[PDB]
Amino acid sequence: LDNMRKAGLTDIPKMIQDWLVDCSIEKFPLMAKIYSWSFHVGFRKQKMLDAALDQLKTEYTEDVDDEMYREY
Amino acid sequence: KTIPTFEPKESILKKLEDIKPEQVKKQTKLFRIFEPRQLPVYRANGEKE
């Protein structure tokens, strides 16, 4: 929520913080409603390169177990 | 990218129809353990022949 406010959101942190005072399920569909209002803003159609490089960053290390990988 | 190299033991198998019977041992040279060798020799009082 601090990131949420830091990005520039004021009313919707307020609805998520005042909901926790009761934690009731009757007011809870709001959350679900909010959870659907986020994906009706559009796609983040970025570039092929940087979109691959979201995945193609690797950190492979010689400190893991061997007892785990053999069972795996 | 230096990927680690995970090596299992892999336990190399066959099946019965593909088991080769045996390979006979035919003999090479006669399996010596000792051999002769010239050495000097020294008579009693220590000196040499």
# chains A, B, ... in the order shown; residues from 1 in each chain; ligands from 1

$ closest_atom_pairs --of "chain B" --to "chain A" --cutoff "9 Å" --atoms "only C-alpha atoms" --output "Markdown table"
| residue | atom | partner | partner_atom | distance |
| --- | --- | --- | --- | --- |
| B:1 | CA | A:58 | CA | 8.4 |
| B:2 | CA | A:60 | CA | 7.8 |
| B:3 | CA | A:60 | CA | 6.6 |
| B:4 | CA | A:60 | CA | 7.2 |
| B:6 | CA | A:69 | CA | 8.4 |
| B:8 | CA | A:70 | CA | 7.5 |

$ atom_distance --atom1 "atom CA of residue 5 of chain B" --atom2 "atom CA of residue 50 of chain A"
28.2 Å

$ select_by_dssp --residues "segment 21-52 of chain A" --states "alpha helix (DSSP H)" --output "ChimeraX atom specification"
/A:29-37,48-52

$ write_last_selection --atoms "C-alpha atoms" --output "PDB file, in the first residue's frame"
ATOM      1  CA  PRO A  29     -16.595  -8.070  -3.416  1.00  0.00           C
ATOM      2  CA  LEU A  30     -15.276  -4.493  -3.690  1.00  0.00           C
ATOM      3  CA  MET A  31     -11.775  -6.007  -3.519  1.00  0.00           C
ATOM      4  CA  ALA A  32     -12.755  -8.408  -6.293  1.00  0.00           C
ATOM      5  CA  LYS A  33     -14.282  -5.490  -8.160  1.00  0.00           C
ATOM      6  CA  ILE A  34     -11.001  -3.596  -7.671  1.00  0.00           C
ATOM      7  CA  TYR A  35      -9.123  -6.741  -8.703  1.00  0.00           C
ATOM      8  CA  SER A  36     -11.023  -6.560 -12.019  1.00  0.00           C
ATOM      9  CA  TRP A  37     -10.716  -2.776 -12.433  1.00  0.00           C
ATOM     10  CA  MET A  48      10.445  -8.084 -28.134  1.00  0.00           C
ATOM     11  CA  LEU A  49      13.958  -7.482 -26.802  1.00  0.00           C
ATOM     12  CA  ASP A  50      13.153  -6.094 -23.349  1.00  0.00           C
ATOM     13  CA  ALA A  51      10.255  -8.540 -23.010  1.00  0.00           C
ATOM     14  CA  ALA A  52      12.612 -11.444 -23.599  1.00  0.00           C
TER      15      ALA A  52
END

$ atom_distance --atom1 "atom CA of residue 11 of chain B" --atom2 "atom CA of residue 23 of chain B"
22.0 Å

$ atom_distance --atom1 "atom CA of residue 1 of chain A" --atom2 "atom CA of residue 54 of chain A"
24.4 Å
